[PDB]
């Protein structure tokens, strides 16, 4: 459709977002959580939640349980915003996530610019939009169905737990999903199937740890892919073919960063 050079140097910003990661690879996954959290307020029946507008900059959305710790995300981008002031926060967040999935070795995800920032909290959809980790496949399905994803998409997207880790101080959940949390591959689904999960007695919010090492963790929501026959099957394929996986995630995540958007423009070469 519409291709246009954007009002910022996209290859200078790419290069800087990558520079941010080299000094601190812990921002990569965090950057992927923030864009997702900025997309996941959406309702495709209700056409609301203000997804992909950096509405999370405002109250009440900034204060919701599911978005705790994401200030580190926003603050870690506030200087690239000074240095590239013709970029909306919504473009900067979605672009930093896309770059961060490339850097950690995942797929190169097609990215279009044109997102327009909420200028106050009044378009801020309600809470309970973000998924509850403490819940199971029926809640998971209820959320990603309101967001507009199929079962293939939902499981692909939750694949993102392949990178990053949970923080006591953020969600009272603790530790990484894989032994390579700065890598983005299908090893979430690897580690899911190729372990025995068991209660972690040491954490007040119910989570699972791996029998082998006790170093990996899984959320009730995560382990619900194994209990849910449908999710299980797809989870199997992704565990078995990182490419079906890496292709699945690329299209799903791009769709996530463009739910509730119009007038987006392709980058030229």
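Numbering follows the first chain given and starts at 1.
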{"query": "75-83 or 152-160, whichever carries the higher mean Cα B-factor", "finding": "75-83"}
{"query": "Entry-level comparison of average CA B-factors, 30-38 and 240-248, reporting the higher stretch", "finding": "240-248"}
{"query": "Chain-wide C-alpha B factor ranking for residue 196, given as lowest, middle or highest third", "finding": "highest"}
{"query": "Position of residue 44 among the chain's modelled residues by C-alpha B-factor, lowest, middle or highest third", "finding": "highest"}
{"query": "Where the record places residue 210 (Cα B-factor, split into thirds across the chain)", "finding": "middle"}
{"query": "Third of chain Cα B-factors occupied by residue 204", "finding": "lowest"}
{"query": "Among modelled residues of the same chain, the CA temperature factor third for residue 105", "finding": "middle"}
